[PDB]
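Have a look at data_7.txt below; it lists compact mmCIF, C-alpha atoms and all ligand atoms.
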```txt
# COMPACT_ATOMS: atom_id res chain seq x y z
CA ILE F 8 -137.11 -175.65 -51.25
CA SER F 9 -139.79 -176.16 -48.60
CA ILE F 10 -143.29 -175.08 -49.64
CA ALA F 11 -146.49 -174.75 -47.59
CA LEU F 12 -150.06 -174.97 -48.90
CA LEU F 13 -153.27 -173.77 -47.24
CA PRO F 14 -156.24 -174.77 -49.42
CA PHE F 15 -159.62 -173.30 -48.51
CA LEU F 16 -162.22 -175.39 -46.66
CA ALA F 17 -163.90 -176.49 -49.87
CA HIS F 18 -163.60 -179.82 -51.66
CA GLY F 19 -163.81 -177.85 -54.91
CA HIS F 20 -160.42 -176.37 -53.91
CA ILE F 21 -158.63 -179.25 -52.13
CA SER F 22 -158.06 -181.43 -55.21
CA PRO F 23 -156.11 -178.77 -57.19
CA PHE F 24 -153.94 -178.08 -54.14
CA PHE F 25 -153.26 -181.79 -53.56
CA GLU F 26 -152.41 -182.40 -57.22
CA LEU F 27 -150.13 -179.35 -57.15
CA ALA F 28 -148.52 -180.85 -54.04
CA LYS F 29 -147.87 -184.10 -55.91
CA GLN F 30 -146.48 -182.15 -58.88
CA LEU F 31 -144.12 -179.91 -56.91
CA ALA F 32 -142.92 -182.55 -54.44
CA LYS F 33 -141.71 -184.90 -57.20
CA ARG F 34 -139.37 -182.24 -58.64
CA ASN F 35 -136.54 -180.21 -57.09
CA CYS F 36 -136.92 -182.27 -53.87
CA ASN F 37 -139.53 -179.82 -52.60
CA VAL F 38 -140.05 -180.43 -48.88
CA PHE F 39 -143.82 -180.12 -49.00
CA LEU F 40 -146.30 -179.23 -46.26
CA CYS F 41 -150.09 -179.03 -46.63
CA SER F 42 -152.25 -177.46 -43.92
CA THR F 43 -156.01 -178.00 -43.58
CA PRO F 44 -158.36 -179.51 -40.96
CA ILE F 45 -158.30 -183.27 -40.40
CA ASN F 46 -161.76 -183.73 -41.94
CA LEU F 47 -160.61 -182.36 -45.30
CA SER F 48 -157.23 -184.09 -44.93
CA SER F 49 -158.44 -187.67 -44.41
CA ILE F 50 -160.41 -187.68 -47.68
CA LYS F 51 -157.27 -187.66 -49.86
CA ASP F 52 -155.29 -190.36 -48.01
CA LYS F 53 -153.67 -191.89 -51.08
CA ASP F 54 -150.36 -191.50 -52.92
CA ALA F 57 -143.82 -187.50 -51.14
CA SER F 58 -145.79 -184.70 -49.47
CA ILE F 59 -146.20 -184.06 -45.75
CA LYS F 60 -149.64 -183.22 -44.36
CA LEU F 61 -150.65 -181.08 -41.38
CA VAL F 62 -153.55 -180.98 -38.97
CA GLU F 63 -155.49 -177.94 -37.74
CA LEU F 64 -157.83 -177.65 -34.74
CA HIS F 65 -160.40 -174.86 -34.75
CA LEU F 66 -161.67 -173.10 -31.63
CA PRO F 67 -165.27 -173.77 -30.50
CA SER F 68 -167.44 -171.27 -28.66
CA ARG F 91 -168.68 -169.79 -44.35
CA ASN F 92 -167.63 -171.01 -40.91
CA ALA F 93 -165.00 -170.40 -38.21
CA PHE F 94 -162.10 -170.48 -40.70
CA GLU F 95 -161.68 -166.73 -40.19
CA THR F 96 -160.79 -167.49 -36.54
CA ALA F 97 -157.91 -169.98 -37.02
CA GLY F 98 -155.46 -167.06 -37.34
CA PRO F 99 -153.23 -167.67 -34.31
CA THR F 100 -153.38 -171.43 -34.95
CA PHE F 101 -151.90 -170.94 -38.42
CA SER F 102 -149.46 -168.42 -36.92
CA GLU F 103 -148.15 -171.07 -34.52
CA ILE F 104 -148.09 -173.58 -37.39
CA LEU F 105 -145.93 -171.22 -39.46
CA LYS F 106 -143.66 -170.46 -36.50
CA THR F 107 -143.22 -174.24 -36.19
CA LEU F 108 -142.56 -175.00 -39.86
CA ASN F 109 -141.01 -171.69 -40.94
CA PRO F 110 -141.44 -172.65 -44.62
CA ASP F 111 -139.77 -170.87 -47.51
CA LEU F 112 -143.12 -170.04 -49.13
CA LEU F 113 -146.88 -170.30 -48.61
CA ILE F 114 -149.34 -171.02 -51.43
CA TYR F 115 -152.74 -169.92 -50.11
CA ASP F 116 -156.23 -170.07 -51.58
CA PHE F 117 -158.60 -167.10 -51.90
CA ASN F 118 -160.90 -166.96 -48.85
CA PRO F 119 -158.47 -167.61 -45.91
CA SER F 120 -158.04 -163.80 -45.98
CA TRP F 121 -155.52 -163.91 -43.11
CA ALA F 122 -153.16 -166.42 -44.76
CA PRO F 123 -151.06 -163.73 -46.53
CA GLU F 124 -151.25 -161.56 -43.39
CA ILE F 125 -149.88 -164.35 -41.20
CA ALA F 126 -147.30 -165.23 -43.86
CA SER F 127 -146.10 -161.61 -43.77
CA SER F 128 -146.07 -161.56 -39.96
CA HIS F 129 -143.51 -164.39 -40.22
CA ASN F 130 -141.73 -162.80 -43.22
CA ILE F 131 -142.87 -165.57 -45.58
CA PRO F 132 -143.70 -164.77 -49.24
CA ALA F 133 -147.33 -165.58 -50.04
CA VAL F 134 -148.18 -166.88 -53.53
CA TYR F 135 -151.82 -166.84 -54.62
CA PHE F 136 -153.20 -169.91 -56.42
CA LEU F 137 -156.25 -169.32 -58.64
CA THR F 138 -158.20 -172.53 -59.34
CA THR F 139 -160.41 -170.72 -61.88
CA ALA F 140 -160.25 -169.64 -65.51
CA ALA F 141 -158.26 -166.51 -66.34
CA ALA F 142 -161.02 -164.76 -68.31
CA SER F 143 -163.60 -164.96 -65.52
CA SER F 144 -161.03 -163.42 -63.18
CA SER F 145 -160.03 -160.89 -65.85
CA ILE F 146 -163.59 -159.54 -66.00
CA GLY F 147 -163.57 -158.64 -62.32
CA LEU F 148 -159.93 -157.58 -62.07
CA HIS F 149 -160.48 -155.21 -64.99
CA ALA F 150 -163.70 -153.88 -63.46
CA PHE F 151 -161.58 -153.13 -60.37
CA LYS F 152 -158.16 -152.02 -61.63
CA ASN F 153 -159.85 -149.97 -64.38
CA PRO F 154 -162.97 -147.99 -63.56
CA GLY F 155 -161.94 -146.65 -66.90
CA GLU F 156 -163.67 -149.97 -67.73
CA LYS F 157 -163.32 -150.94 -71.45
CA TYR F 158 -162.35 -154.49 -72.41
CA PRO F 159 -159.53 -155.48 -74.80
CA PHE F 160 -161.34 -158.70 -75.84
CA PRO F 161 -165.00 -157.64 -76.09
CA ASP F 162 -166.29 -160.68 -77.97
CA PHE F 163 -166.55 -161.88 -74.34
CA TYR F 164 -167.94 -159.00 -72.25
CA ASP F 165 -169.30 -155.80 -73.79
CA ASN F 166 -170.67 -152.51 -72.47
CA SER F 167 -174.08 -150.83 -72.92
CA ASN F 168 -175.52 -153.06 -70.18
CA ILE F 169 -176.98 -152.24 -66.76
CA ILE F 170 -176.82 -154.23 -63.51
CA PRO F 171 -176.84 -153.36 -59.80
CA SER F 175 -175.62 -158.29 -53.55
CA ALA F 176 -173.50 -157.44 -50.45
CA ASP F 177 -173.08 -161.23 -50.97
CA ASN F 178 -171.15 -160.57 -54.22
CA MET F 179 -169.45 -157.37 -52.91
CA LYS F 180 -167.65 -159.41 -50.20
CA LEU F 181 -166.74 -162.05 -52.82
CA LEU F 182 -165.20 -159.44 -55.15
CA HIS F 183 -163.24 -157.90 -52.26
CA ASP F 184 -161.90 -161.32 -51.30
CA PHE F 185 -161.07 -161.70 -55.01
CA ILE F 186 -159.05 -158.52 -55.51
CA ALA F 187 -157.24 -158.80 -52.16
CA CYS F 188 -155.78 -162.26 -52.79
CA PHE F 189 -154.80 -160.98 -56.24
CA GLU F 190 -152.82 -158.08 -54.76
CA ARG F 191 -151.34 -160.00 -51.81
CA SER F 192 -149.49 -162.43 -54.10
CA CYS F 193 -145.75 -161.87 -54.40
CA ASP F 194 -144.52 -161.18 -57.95
CA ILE F 195 -146.20 -164.27 -59.44
CA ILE F 196 -149.73 -165.68 -59.34
CA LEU F 197 -150.19 -169.40 -59.89
CA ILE F 198 -153.22 -170.44 -61.93
CA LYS F 199 -154.78 -173.83 -62.73
CA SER F 200 -154.89 -173.16 -66.47
CA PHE F 201 -152.73 -173.27 -69.59
CA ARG F 202 -151.79 -170.96 -72.44
CA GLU F 203 -153.39 -173.09 -75.18
CA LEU F 204 -156.88 -172.17 -73.91
CA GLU F 205 -156.52 -168.53 -72.84
CA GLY F 206 -152.98 -167.18 -73.00
CA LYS F 207 -154.49 -163.94 -74.27
CA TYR F 208 -156.48 -163.57 -71.05
CA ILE F 209 -153.50 -164.79 -69.01
CA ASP F 210 -151.37 -161.95 -70.37
CA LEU F 211 -154.28 -159.57 -69.79
CA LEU F 212 -154.36 -160.67 -66.14
CA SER F 213 -150.59 -160.23 -65.92
CA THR F 214 -150.74 -156.67 -67.25
CA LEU F 215 -153.74 -155.88 -65.03
CA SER F 216 -152.44 -157.19 -61.69
CA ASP F 217 -148.77 -156.29 -62.39
CA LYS F 218 -147.88 -159.88 -61.44
CA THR F 219 -146.32 -162.64 -63.55
CA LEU F 220 -149.10 -165.16 -64.16
CA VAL F 221 -147.40 -168.57 -64.10
CA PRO F 222 -149.64 -171.40 -65.37
CA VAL F 223 -149.40 -174.89 -63.90
CA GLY F 224 -151.78 -176.55 -66.36
CA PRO F 225 -154.77 -178.58 -65.21
CA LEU F 226 -154.65 -180.82 -62.14
CA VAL F 227 -156.44 -184.09 -62.97
CA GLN F 228 -156.45 -186.86 -60.39
CA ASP F 229 -156.02 -190.55 -61.23
CA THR F 239 -167.92 -199.80 -60.22
CA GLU F 240 -166.93 -202.05 -63.14
CA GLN F 241 -170.30 -202.23 -64.93
CA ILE F 242 -169.64 -198.78 -66.42
CA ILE F 243 -166.35 -199.95 -67.93
CA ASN F 244 -167.87 -203.23 -69.12
CA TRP F 245 -170.62 -201.30 -70.92
CA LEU F 246 -168.37 -198.58 -72.35
CA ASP F 247 -165.87 -201.05 -73.83
CA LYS F 248 -168.58 -202.77 -75.91
CA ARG F 249 -169.19 -199.58 -77.95
CA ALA F 250 -167.65 -198.06 -81.05
CA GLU F 251 -164.91 -195.43 -80.88
CA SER F 252 -165.93 -191.82 -80.12
CA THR F 253 -169.68 -192.48 -80.20
CA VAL F 254 -170.64 -191.92 -76.53
CA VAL F 255 -171.64 -188.64 -74.86
CA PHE F 256 -170.98 -188.08 -71.15
CA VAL F 257 -173.42 -185.96 -69.13
CA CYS F 258 -172.78 -184.50 -65.67
CA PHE F 259 -174.58 -181.15 -65.62
CA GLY F 260 -175.52 -181.81 -61.99
CA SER F 261 -172.02 -182.00 -60.50
CA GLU F 262 -173.35 -181.58 -56.94
CA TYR F 263 -175.14 -178.29 -57.58
CA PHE F 264 -178.72 -177.94 -58.88
CA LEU F 265 -180.94 -180.36 -60.80
CA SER F 266 -184.75 -180.13 -60.86
CA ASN F 267 -187.13 -182.86 -61.99
CA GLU F 268 -188.51 -180.68 -64.79
CA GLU F 269 -184.95 -179.93 -65.91
CA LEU F 270 -184.29 -183.66 -65.55
CA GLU F 271 -187.16 -184.28 -67.97
CA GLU F 272 -185.92 -181.63 -70.41
CA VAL F 273 -182.36 -182.95 -70.54
CA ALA F 274 -183.65 -186.54 -70.73
CA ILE F 275 -185.84 -185.78 -73.75
CA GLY F 276 -182.88 -183.94 -75.28
CA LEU F 277 -180.69 -187.01 -74.80
CA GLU F 278 -183.43 -189.28 -76.21
CA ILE F 279 -184.23 -187.30 -79.41
CA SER F 280 -180.43 -187.12 -79.99
CA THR F 281 -180.55 -190.89 -80.84
CA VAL F 282 -176.99 -191.29 -79.44
CA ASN F 283 -175.17 -193.43 -76.84
CA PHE F 284 -174.86 -191.54 -73.56
CA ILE F 285 -173.74 -191.99 -69.96
CA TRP F 286 -175.50 -189.52 -67.65
CA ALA F 287 -174.67 -189.06 -63.96
CA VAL F 288 -177.42 -187.50 -61.85
CA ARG F 289 -177.34 -186.13 -58.31
CA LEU F 290 -180.26 -188.22 -57.01
CA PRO F 300 -191.65 -188.95 -63.46
CA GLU F 301 -187.91 -188.49 -64.07
CA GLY F 302 -188.15 -190.59 -67.25
CA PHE F 303 -188.26 -194.29 -68.09
CA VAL F 304 -184.77 -195.79 -68.00
CA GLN F 305 -186.17 -199.29 -68.54
CA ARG F 306 -187.29 -198.06 -71.99
CA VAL F 307 -184.20 -196.48 -73.58
CA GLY F 308 -181.81 -198.70 -71.64
CA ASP F 309 -178.49 -200.06 -72.92
CA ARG F 310 -178.48 -197.42 -75.63
CA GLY F 311 -177.61 -195.25 -72.63
CA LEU F 312 -176.66 -195.67 -68.96
CA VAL F 313 -177.47 -193.72 -65.79
CA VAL F 314 -175.53 -193.58 -62.51
CA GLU F 315 -176.94 -192.38 -59.19
CA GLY F 316 -173.81 -190.79 -57.73
CA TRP F 317 -170.06 -190.93 -58.37
CA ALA F 318 -168.89 -191.85 -61.87
CA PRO F 319 -165.34 -192.41 -63.19
CA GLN F 320 -165.37 -189.00 -64.87
CA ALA F 321 -161.64 -188.99 -65.64
CA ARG F 322 -161.73 -192.63 -66.74
CA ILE F 323 -164.86 -192.09 -68.86
CA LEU F 324 -163.46 -189.00 -70.59
CA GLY F 325 -160.14 -190.79 -71.15
CA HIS F 326 -161.81 -193.76 -72.82
CA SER F 327 -161.36 -193.90 -76.58
CA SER F 328 -165.10 -194.55 -77.09
CA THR F 329 -166.07 -191.17 -75.59
CA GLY F 330 -166.50 -188.12 -77.81
CA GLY F 331 -168.89 -185.84 -75.95
CA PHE F 332 -169.27 -184.15 -72.58
CA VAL F 333 -172.47 -182.30 -71.65
CA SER F 334 -171.10 -180.22 -68.79
CA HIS F 335 -172.19 -177.51 -66.37
CA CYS F 336 -169.04 -175.56 -67.36
CA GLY F 337 -167.28 -175.91 -64.03
CA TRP F 338 -163.61 -175.09 -64.33
CA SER F 339 -162.26 -178.44 -63.12
CA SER F 340 -164.72 -180.21 -65.43
CA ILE F 341 -163.51 -178.26 -68.48
CA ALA F 342 -159.86 -178.75 -67.47
CA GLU F 343 -160.49 -182.50 -67.38
CA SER F 344 -162.52 -182.51 -70.60
CA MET F 345 -159.99 -180.67 -72.75
CA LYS F 346 -157.15 -182.88 -71.48
CA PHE F 347 -158.66 -185.96 -73.15
CA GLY F 348 -159.82 -184.35 -76.41
CA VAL F 349 -163.54 -184.41 -75.58
CA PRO F 350 -165.68 -181.55 -76.96
CA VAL F 351 -167.90 -179.62 -74.56
CA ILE F 352 -171.67 -179.25 -74.75
CA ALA F 353 -172.03 -176.10 -72.63
CA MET F 354 -175.08 -176.07 -70.34
CA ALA F 355 -174.13 -173.21 -68.04
CA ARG F 356 -176.27 -171.44 -65.45
CA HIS F 357 -174.77 -169.52 -62.52
CA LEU F 358 -171.43 -168.16 -61.26
CA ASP F 359 -168.34 -168.36 -63.51
CA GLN F 360 -169.76 -171.23 -65.59
CA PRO F 361 -171.31 -169.08 -68.38
CA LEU F 362 -167.97 -167.32 -68.89
CA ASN F 363 -166.11 -170.64 -69.03
CA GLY F 364 -168.64 -171.95 -71.54
CA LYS F 365 -168.41 -168.93 -73.81
CA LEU F 366 -164.61 -169.08 -73.60
CA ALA F 367 -164.80 -172.71 -74.76
CA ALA F 368 -167.12 -171.60 -77.57
CA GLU F 369 -164.69 -168.81 -78.49
CA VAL F 370 -161.73 -171.18 -78.78
CA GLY F 371 -163.92 -173.52 -80.83
CA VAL F 372 -163.79 -176.71 -78.74
CA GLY F 373 -167.50 -176.88 -77.94
CA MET F 374 -170.89 -175.28 -78.31
CA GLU F 375 -173.61 -173.88 -76.05
CA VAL F 376 -177.32 -174.67 -75.93
CA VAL F 377 -179.76 -172.03 -77.16
CA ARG F 378 -182.09 -171.15 -74.29
CA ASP F 379 -185.78 -170.88 -75.12
CA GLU F 380 -187.89 -167.71 -74.94
CA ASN F 381 -188.10 -167.86 -71.12
CA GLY F 382 -184.35 -168.36 -70.64
CA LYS F 383 -184.41 -172.14 -70.19
CA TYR F 384 -182.71 -174.91 -72.16
CA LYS F 385 -185.18 -176.99 -74.16
CA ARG F 386 -185.27 -180.54 -75.53
CA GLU F 387 -184.56 -179.30 -79.06
CA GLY F 388 -182.06 -176.70 -77.84
CA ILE F 389 -180.05 -179.57 -76.37
CA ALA F 390 -180.51 -182.17 -79.12
CA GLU F 391 -179.53 -179.69 -81.83
CA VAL F 392 -176.12 -178.99 -80.31
CA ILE F 393 -175.57 -182.62 -79.27
CA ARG F 394 -176.07 -183.80 -82.85
CA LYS F 395 -174.17 -180.87 -84.39
CA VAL F 396 -171.15 -181.51 -82.16
CA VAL F 397 -170.86 -185.24 -81.53
CA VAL F 398 -171.92 -186.76 -84.86
CA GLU F 399 -172.34 -184.00 -87.48
CA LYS F 400 -169.65 -183.23 -90.05
CA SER F 401 -170.09 -179.50 -89.43
CA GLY F 402 -168.86 -179.92 -85.85
CA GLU F 403 -165.85 -181.92 -87.07
CA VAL F 404 -163.89 -178.65 -86.86
CA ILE F 405 -164.77 -178.58 -83.16
CA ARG F 406 -164.14 -182.33 -82.91
CA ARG F 407 -160.73 -181.72 -84.46
CA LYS F 408 -159.71 -178.68 -82.40
CA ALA F 409 -160.48 -180.47 -79.13
CA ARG F 410 -158.09 -183.16 -80.34
CA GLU F 411 -155.48 -180.77 -81.76
CA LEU F 412 -155.49 -179.00 -78.40
CA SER F 413 -155.46 -182.22 -76.36
CA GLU F 414 -152.19 -183.53 -77.80
CA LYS F 415 -150.66 -180.10 -77.15
CA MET F 416 -151.48 -180.40 -73.45
CA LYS F 417 -149.84 -183.84 -73.44
CA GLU F 418 -146.90 -182.44 -75.46
CA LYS F 419 -145.86 -179.37 -73.44
CA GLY F 420 -146.69 -181.07 -70.13
CA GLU F 421 -144.38 -181.32 -67.12
CA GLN F 422 -142.38 -178.29 -68.31
CA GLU F 423 -145.14 -175.89 -67.23
CA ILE F 424 -144.81 -177.02 -63.62
CA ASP F 425 -141.02 -177.14 -64.02
CA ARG F 426 -140.93 -173.44 -64.92
CA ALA F 427 -143.43 -172.72 -62.13
CA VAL F 428 -141.13 -174.46 -59.63
CA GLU F 429 -138.02 -172.63 -60.83
CA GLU F 430 -139.87 -169.28 -60.63
CA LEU F 431 -140.75 -170.03 -56.97
CA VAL F 432 -137.04 -170.72 -56.29
CA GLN F 433 -136.35 -167.29 -57.85
CA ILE F 434 -138.73 -165.46 -55.43
CA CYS F 435 -137.25 -167.15 -52.32
CA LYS F 436 -133.65 -166.37 -53.43
CA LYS F 437 -134.62 -162.73 -54.14
CA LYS F 438 -136.18 -162.46 -50.64
CA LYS F 439 -132.99 -163.85 -49.03
CA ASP F 440 -130.83 -161.42 -51.06
CA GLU F 441 -133.09 -158.55 -49.85
CA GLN F 442 -131.99 -159.18 -46.21
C1 LIG F 501 -167.82 -156.20 -60.73
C2 LIG F 501 -168.91 -156.03 -61.77
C3 LIG F 501 -169.76 -154.76 -61.58
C4 LIG F 501 -169.06 -156.91 -62.73
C5 LIG F 501 -168.28 -158.20 -63.00
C6 LIG F 501 -168.67 -159.56 -62.35
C7 LIG F 501 -169.70 -160.51 -63.12
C8 LIG F 501 -169.75 -160.20 -64.61
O1 LIG F 501 -170.99 -160.58 -62.52
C9 LIG F 501 -171.73 -159.51 -62.06
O2 LIG F 501 -171.59 -159.39 -60.72
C10 LIG F 501 -172.03 -158.24 -60.11
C11 LIG F 501 -171.60 -158.21 -58.64
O3 LIG F 501 -171.86 -157.04 -58.02
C12 LIG F 501 -173.56 -158.06 -60.30
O4 LIG F 501 -173.88 -156.90 -60.88
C13 LIG F 501 -174.09 -159.28 -61.12
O5 LIG F 501 -174.22 -160.43 -60.42
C14 LIG F 501 -173.24 -159.52 -62.42
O6 LIG F 501 -173.49 -158.68 -63.44
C15 LIG F 501 -169.14 -162.00 -63.09
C16 LIG F 501 -167.97 -162.14 -64.14
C17 LIG F 501 -166.73 -162.59 -63.33
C18 LIG F 501 -167.32 -163.33 -62.08
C19 LIG F 501 -167.93 -164.60 -62.62
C20 LIG F 501 -168.47 -162.32 -61.67
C21 LIG F 501 -169.32 -162.88 -60.41
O7 LIG F 501 -170.19 -161.85 -59.92
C22 LIG F 501 -168.38 -163.24 -59.17
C23 LIG F 501 -167.38 -164.32 -59.65
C24 LIG F 501 -166.70 -165.22 -58.45
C25 LIG F 501 -165.98 -164.33 -57.40
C26 LIG F 501 -167.81 -165.96 -57.66
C27 LIG F 501 -167.33 -167.07 -56.69
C28 LIG F 501 -166.59 -168.21 -57.39
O8 LIG F 501 -166.26 -169.27 -56.49
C29 LIG F 501 -166.84 -170.53 -56.58
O9 LIG F 501 -168.12 -170.60 -55.99
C30 LIG F 501 -168.34 -170.82 -54.60
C31 LIG F 501 -168.33 -169.52 -53.70
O10 LIG F 501 -167.04 -169.13 -53.42
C32 LIG F 501 -167.33 -171.83 -53.99
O11 LIG F 501 -167.94 -172.67 -53.13
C33 LIG F 501 -166.67 -172.63 -55.13
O12 LIG F 501 -165.83 -173.56 -54.60
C34 LIG F 501 -165.90 -171.68 -56.07
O13 LIG F 501 -165.41 -172.40 -57.10
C35 LIG F 501 -165.35 -167.62 -58.24
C36 LIG F 501 -164.95 -168.72 -59.22
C37 LIG F 501 -164.15 -167.38 -57.32
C38 LIG F 501 -165.77 -166.30 -59.16
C39 LIG F 501 -164.67 -165.55 -59.99
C40 LIG F 501 -165.31 -164.77 -61.19
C41 LIG F 501 -166.39 -163.70 -60.82
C42 LIG F 501 -165.69 -162.39 -60.42
```
What does this structure look like when you write it as structure tokens?
Amino acid sequence: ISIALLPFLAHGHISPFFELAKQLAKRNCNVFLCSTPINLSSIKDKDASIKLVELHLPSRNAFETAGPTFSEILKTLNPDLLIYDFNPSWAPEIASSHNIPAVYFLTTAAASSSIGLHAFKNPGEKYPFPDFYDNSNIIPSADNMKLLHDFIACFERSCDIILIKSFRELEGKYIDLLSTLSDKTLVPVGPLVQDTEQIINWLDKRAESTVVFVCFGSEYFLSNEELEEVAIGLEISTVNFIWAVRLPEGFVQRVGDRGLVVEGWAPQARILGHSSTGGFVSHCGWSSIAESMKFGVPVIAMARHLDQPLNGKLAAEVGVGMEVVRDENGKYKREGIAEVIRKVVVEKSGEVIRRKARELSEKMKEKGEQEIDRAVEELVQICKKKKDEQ
């Protein structure tokens, strides 16, 4: 009944854990507990769950040292189950030292994880779905070696089931692959979407499904030359657009009101949910795609590093978006962006895409709630099995 959550010390990981807390606490009267430092706790002071504090010990940070602190926290709570992240490393160890089942939560796509888990569990290599990853390539980094170890470990430490912030409609094939690879029952919980006025006032005065949202920055990388390239792409697309930047860089006084730029935080969920939106030029972050496909918005894939290229090519495989064609020197170009923007948002050829993103969206709003219901009842199963084990 009582569940405990230890999200990693990353804002890119706190929101899924908090939304999962809201989802599990509202059903089956789950006595909820969430453990993370006060700094990361006081940012989500909004709307059934109980929060916890954590004090580190003074003399990538000191999170690997809060072992005994979390041990005392668990000895205090003694919860029925712990849902940990991926980098705590000692969270399943401490959960076992208190005889608490540890369930691993993966806030990432299943195919990106399947690549690595299959490279690990099968040095017989091969890939059952090779339209994604193929062989006949050569690559080599201790940076990535540590990451992959932290990745496999948290995949093995999970008890029976592995929670994942994804759904079957996008990659149930890869979900079942991950299940058969890790020998654990992959239980999806769907996406976890949370939730000044000038943006709304401008977006309401437009036609339906004629505006393209852009947020390739998303608090990562964005150079002025790349700013110029994506700006010329947006301009020669002759389309209404709302672009959010991180921080010469164009002439907004010139192509104003046909578009709109924001310096920092935009209502991404509210913009994508608006009926006048029909495009999302994204960096292919997992949370971004999970939000985009929930509102029936196709995905212009401008990927770069990490798991984003795999997410983008998965979206292209399921036919809910399209990727930009990089130029000769491996860089997206004005035309490489405008081509796909026009072919997706306004062209009749991309209607297929435009339709699938809608046909999928309703499905997510049709089978909702029951995903997390089955996830909750599977957790009750593991706890009861543990008690029966004695
Ligand atoms: C083993 C081998 C032989 C080849 C396969 C690996 C691969 C093809 O890539 C090969 O990797 C090889 C490594 O040796 C090299 O040869 C070469 O680089 C390349 O070919 C690609 C494909 C699968 C891959 C994408 C992998 C990457 O590497 C490592 C990632 C990583 C583990 C990176 C950190 C990411 O976490 C976020 O990012 C920040 C840091 O945690 C956080 O702040 C943020 O919040 C998080 O969301 C998360 C989302 C967890 C992913 C999960 C997916 C994974 C496994």
Pick out the closest residue to residue 437 of chain F from this set: F:111, F:411, F:399, F:52. Count all atoms listed in the file.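 Using all atoms listed in the file, the shortest distance to residue 437 of chain F belongs to F:111.
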With all atoms listed in the file counted and 8 Å as the cut-off, give the residues of segment 275-387 of chain F in contact with segment 254-270 of chain F, each with its shortest interatomic distance in Å and the pair that gives it, as CSV.
```
residue,atom,partner,partner_atom,distance
F:282,CA,F:254,CA,7.0
F:283,CA,F:254,CA,4.8
F:284,CA,F:255,CA,4.5
F:285,CA,F:256,CA,4.9
F:286,CA,F:257,CA,4.4
F:287,CA,F:258,CA,5.2
F:288,CA,F:260,CA,6.0
F:289,CA,F:260,CA,6.0
F:300,CA,F:267,CA,7.7
F:301,CA,F:267,CA,6.1
F:323,CA,F:256,CA,7.7
F:324,CA,F:256,CA,7.6
F:328,CA,F:254,CA,6.2
F:329,CA,F:254,CA,4.7
F:330,CA,F:254,CA,5.8
F:331,CA,F:255,CA,4.1
F:332,CA,F:256,CA,4.5
F:333,CA,F:257,CA,4.5
F:334,CA,F:259,CA,4.8
F:335,CA,F:259,CA,4.4
F:354,CA,F:259,CA,7.0
```
Which residues are close to segment 338-349 of chain F, i.e. within 6 Å by only C-alpha atoms, leaving aside same-chain residues fewer than 3 positions away? Reply as a PyMOL selection string. chain F and resi 139+225+325+330-331+409-410+413
Selection export as a PDB file, in the frame of the given file, atoms kept: C-alpha atoms:
```pdb
ATOM      1  CA  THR F 139    -160.410-170.720 -61.880  1.00  0.00           C
ATOM      2  CA  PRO F 225    -154.770-178.580 -65.210  1.00  0.00           C
ATOM      3  CA  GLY F 325    -160.140-190.790 -71.150  1.00  0.00           C
ATOM      4  CA  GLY F 330    -166.500-188.120 -77.810  1.00  0.00           C
ATOM      5  CA  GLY F 331    -168.890-185.840 -75.950  1.00  0.00           C
ATOM      6  CA  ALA F 409    -160.480-180.470 -79.130  1.00  0.00           C
ATOM      7  CA  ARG F 410    -158.090-183.160 -80.340  1.00  0.00           C
ATOM      8  CA  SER F 413    -155.460-182.220 -76.360  1.00  0.00           C
TER       9      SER F 413
END
```
Chain F near ligand LIG 501 (chain F) within 10 Å: what's each residue's closest atom pair and its distance in Å to one decimal, counting all atoms listed in the file, ordered by chain then ascending residue number, as a tab-separated table?
```
residue	atom	partner	partner_atom	distance
F:15	CA	F:LIG501	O12	8.7
F:16	CA	F:LIG501	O12	8.9
F:17	CA	F:LIG501	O12	5.9
F:18	CA	F:LIG501	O12	7.3
F:19	CA	F:LIG501	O12	4.8
F:20	CA	F:LIG501	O12	6.1
F:21	CA	F:LIG501	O12	9.5
F:91	CA	F:LIG501	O10	9.2
F:117	CA	F:LIG501	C37	7.8
F:118	CA	F:LIG501	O10	8.0
F:137	CA	F:LIG501	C37	8.2
F:138	CA	F:LIG501	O13	7.6
F:139	CA	F:LIG501	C36	5.6
F:140	CA	F:LIG501	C36	7.9
F:141	CA	F:LIG501	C40	8.9
F:142	CA	F:LIG501	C17	7.9
F:143	CA	F:LIG501	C17	4.5
F:144	CA	F:LIG501	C40	4.9
F:145	CA	F:LIG501	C17	7.4
F:146	CA	F:LIG501	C17	5.1
F:147	CA	F:LIG501	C42	4.7
F:148	CA	F:LIG501	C42	7.7
F:149	CA	F:LIG501	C1	8.5
F:150	CA	F:LIG501	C1	5.5
F:151	CA	F:LIG501	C1	7.0
F:154	CA	F:LIG501	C3	9.8
F:156	CA	F:LIG501	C3	9.9
F:164	CA	F:LIG501	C8	7.9
F:168	CA	F:LIG501	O6	9.0
F:169	CA	F:LIG501	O6	8.0
F:170	CA	F:LIG501	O4	4.8
F:171	CA	F:LIG501	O4	4.7
F:175	CA	F:LIG501	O3	6.0
F:176	CA	F:LIG501	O3	7.8
F:177	CA	F:LIG501	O3	8.3
F:178	CA	F:LIG501	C11	5.0
F:179	CA	F:LIG501	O3	5.7
F:180	CA	F:LIG501	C25	8.9
F:181	CA	F:LIG501	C25	5.2
F:182	CA	F:LIG501	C25	5.4
F:183	CA	F:LIG501	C25	8.7
F:184	CA	F:LIG501	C25	7.9
F:185	CA	F:LIG501	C25	6.1
F:186	CA	F:LIG501	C42	9.1
F:337	CA	F:LIG501	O13	8.0
F:338	CA	F:LIG501	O13	7.9
F:339	CA	F:LIG501	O13	9.1
F:357	CA	F:LIG501	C19	8.4
F:358	CA	F:LIG501	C19	5.2
F:359	CA	F:LIG501	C19	3.9
F:360	CA	F:LIG501	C19	7.5
F:361	CA	F:LIG501	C19	8.0
F:362	CA	F:LIG501	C19	6.8
F:363	CA	F:LIG501	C19	9.0
```
